[PDB]
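Line order of the protein sequences matches chains B and A. PDB author numbering puts the first sequence at residues 137 to 207, 217 to 509. PDB author numbering puts the second sequence at residues 26 to 64, 72 to 107. Here's the structure, in structure tokens; my notes come after.
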Amino acid sequence: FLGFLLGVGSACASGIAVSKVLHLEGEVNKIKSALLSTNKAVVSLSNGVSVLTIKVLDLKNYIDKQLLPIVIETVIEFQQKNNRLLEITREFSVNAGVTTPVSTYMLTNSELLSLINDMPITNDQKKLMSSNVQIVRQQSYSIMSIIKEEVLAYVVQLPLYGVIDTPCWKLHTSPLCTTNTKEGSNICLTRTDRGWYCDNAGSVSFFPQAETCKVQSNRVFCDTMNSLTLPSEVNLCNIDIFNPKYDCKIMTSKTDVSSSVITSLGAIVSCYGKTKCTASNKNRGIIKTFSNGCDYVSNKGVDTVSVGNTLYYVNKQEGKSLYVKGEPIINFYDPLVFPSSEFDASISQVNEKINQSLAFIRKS
Amino acid sequence: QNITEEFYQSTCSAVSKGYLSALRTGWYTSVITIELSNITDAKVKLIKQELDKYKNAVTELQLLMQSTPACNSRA
Ligand SMILES: *[C@@H]1O[C@H](CO)[C@@H](O)[C@H](O)[C@H]1NC(C)=O
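Dropping the structure here:
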């Protein structure tokens with residue numbers, strides 16, 4: 137929700153910096169000589185970058201060595226090798242130079258796995274990258290630079306994971322409203338601090354738009370650029386929302402609406418009004434009928450959750466989930482004097498607004 | 026238990042614990058190069081039609097290289 141709080145930057149500027157220098161005088165001639173003996177060789181740049189330059193598909197050693205004296218067994222062989230440059234050019238035309246993810250034509254799986262293994266990185270980081278190449282591909286960029294002299298060059302920006310194996314936790318939130326018989330008069334409250342949280346260098350890297358995180362098994366792949374770096378005291382909002390150490394983000398409304406959030410090991414159900422909220426098993430049928438308010442059901446046994454007319458599927462991931470019973474926070478708030486429109490607020494922004502509005506009543 | 030979960034009835038929220046990071050901190054840049062050649073019978077017209085495809089491709093990349101690109105910005 138708090139995605140509007142995120143800062144902005146250029147993700148391509150890192151790889152474009154290598155592209156802008158690739159147009160510098162001898163630059164083109166430097167890599168040409170180094171890649172004559174072997175197809176893969178480490179190159180030092182004028183700007184001073186440790187760049188792994190790789191010569192993939194040699195058209196000069198095929199056109200001048202097998203098609204030059206003539207100008217069906219050789220046309221099909223040429224078609225096959227020419228196809229890769231025909232698809233790379235097709236991609237750079239519609240994507241205006243920058244392409245993401247990096248296609249198989251741009252870099253093959255055998256080439257990518259070898260490119261990861263040739264990097265001067267940790268033995269641990271290599272395996273993580275190799276086992277999740279599909280995620281690495283998705284995270285990577287490919288920028289067009291120069292064609293200059295008898296060699297086509299394009300910069301491939303791969304991701305680096307400085308933070309690895311540290312704990313992560315997904316926070317799911319849903320609206321908490323009062324459940325009275327009346328048409329209106331219902332006050333609501335939703336925790337806006339929903340998203341992915343990863344412990345990182347004394348702080349907590351928080352990803353408010355959890356959609357920007359890829360999860361393979363336990364591994365949470367996120368981009369720091371999509372994070373806000375928050376103090377460890379942020380986790381206090383889960384155990385004590387009224388803690389003085391941290392001002393817990395919340396949004397207030399009167400929008401008494403039924404919905405369901407499908408968590409990792411179950412589902413939260415915000416059931417309001419005349420809504421049919423139900424948890425069901427594939428065989429047995431309806432195993433739970435949700436009463437008005439905010440409840441939750443574990444994935445163990447339950448296969449589906451239906452709220453009104455929208456059926457949701459529970460995640461069948463193995464794991465133990467604990468129901469922490471407690472009085473719903475919204476009961477403590479007085480329906481009159483409550484600020485029912487705070488779209489982006491906090492526990493204090495509300496308590497201060499109440500303290501202020503109560504003072505006008507007391508003096509009169 | 027590898028993965029765990031906690032549901033707070035008081036705040037209408039749930040926390041899914043037991044995950045491990047793989048946060049993208051920076052970037053590794055690499056230059057990918059392709060060594061290209063500068064240049072009535074049915075068997076000779078097909079190799080011409082395919083060499084025309086190669087020439088048109090190299091001429092297309094020559095117009096793109098000058099223009100410098102960007103992902104986008106301001107999000
Ligand atoms: C303002 O709220 C605080 C609690 O957050 C309370 O201690 C204080 O007494 C209130 N102010 C007044 C004037 O009562």
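The beta-carbon is built from N, C-alpha and C at its ideal position, and this holds for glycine as well.
Assigned with DSSP and collapsed to three states, residue 410(B) falls in coil, not helix or strand.
Neighbours of residue 75(A) across chain B, judged by C-beta separation under 8 Å: 217, 220. Taking a Cβ-Cβ cut-off of 8 Å, residue 87(A) has no neighbours in chain B, whose nearest Cβ is about 11 Å from it.
If you ignore the 5 residues before and after residue 150(B), its C-beta comes within less than 7 Å of the C-beta of 302, all in its own chain and listed in chain order.
Note: residue 430(B) is bridge-paired with 426(B) in the DSSP secondary-structure output. Here the distance from the Cβ of residue 388(B) to the nearest heavy atom of ligand 1 is not below 7 Å. In this structure, residue 415(B) keeps its C-beta atom at 8 Å or more from the C-beta atom of residue 425(B). Judged by DSSP secondary structure, residue 310(B) falls within the beta strand (DSSP E) whose first and last residues are 308-318. Among the residues facing chain B, residue 72(A) is not included, as its CB has no counterpart in that chain under 8 Å away.
The beta carbon of residue 496(B) sits closer than 7 Å to at least one heavy atom of ligand 1.
In the same chain as residue 183(B), and ignoring 5 residues on each side of it, the C-beta atoms closer than 7 Å to its own belong to 157, in chain order.
Three or more Cβ pairs closer than 8 Å define a contact, and the segment 34-45 of chain A meets that threshold against the segment 460-479 of chain B. Where residue 466(B) is concerned, the enclosing beta strand (DSSP E) starts and stops at 465-469. Taking C-beta atoms as the reference points, residue 308(B) and residue 345(B) count as a pair closer than 8 Å. If you draw a straight line from the Cα of residue 223(B) to the Cα of residue 268(B), it is about 39 Å long. Between residue 399(B) and residue 485(B), the gap from beta carbon to beta carbon is short of 8 Å. Taking C-alpha positions only, residue 204(B) is separated from residue 351(B) by approximately 59 Å. Nearest Cα to residue 366(B) within the set 188(B), 306(B), 192(B): 306(B).
With a cutoff of 8 Å on beta-carbon distance, residue 55(A) and residue 188(B) are scored as near each other. Interface annotation for the segment 269-282 of chain B against chain A: 273, criterion Cβ-Cβ distance under 7 Å. Contact annotation: the segment 74-90 of chain A does not touch the segment 389-398 of chain B, with fewer than three C-beta pairs closer than 8 Å. Closest in alpha carbon position to residue 478(B), among 331(B), 176(B), 170(B), 381(B), is 331(B). Between the alpha carbons of residue 453(B) and residue 435(B) lies a gap of roughly 11 Å. Annotation: the continuous beta strand (DSSP E) that includes residue 31(A) extends over 29-33. Taking a cut-off of 8 Å on C-beta distances, the segment 230-242 of chain B touches the segment 282-302 of chain B, as three or more cross pairs fall below it. Per DSSP, the unbroken beta strand (DSSP E) holding residue 449(B) starts and ends at 449-452. Of 29(A), 39(A), 30(A), the smallest CA-CA separation from residue 320(B) is found for 39(A). When C-alpha distances from residue 451(B) are compared across 423(B), 432(B), 179(B), the shortest belongs to 423(B).
One thing to note: residue 375(B) has its Cβ within 8 Å of the Cβ of residue 348(B). Among the residues facing chain A, residue 389(B) is not included, as its CB has no counterpart in that chain under 8 Å away. Cβ contact annotation for residue 104(A) (same chain, cutoff 6 Å, sequence separation greater than five): none. Residue 337(B) sits close to residue 489(B), with the two beta carbons spaced by under 8 Å. At least one heavy atom of ligand 1 falls within 7 Å of the beta-carbon of residue 500(B).
With respect to residue 94(A), residue 292(B) sits close: the two C-beta atoms are nearer than 8 Å.
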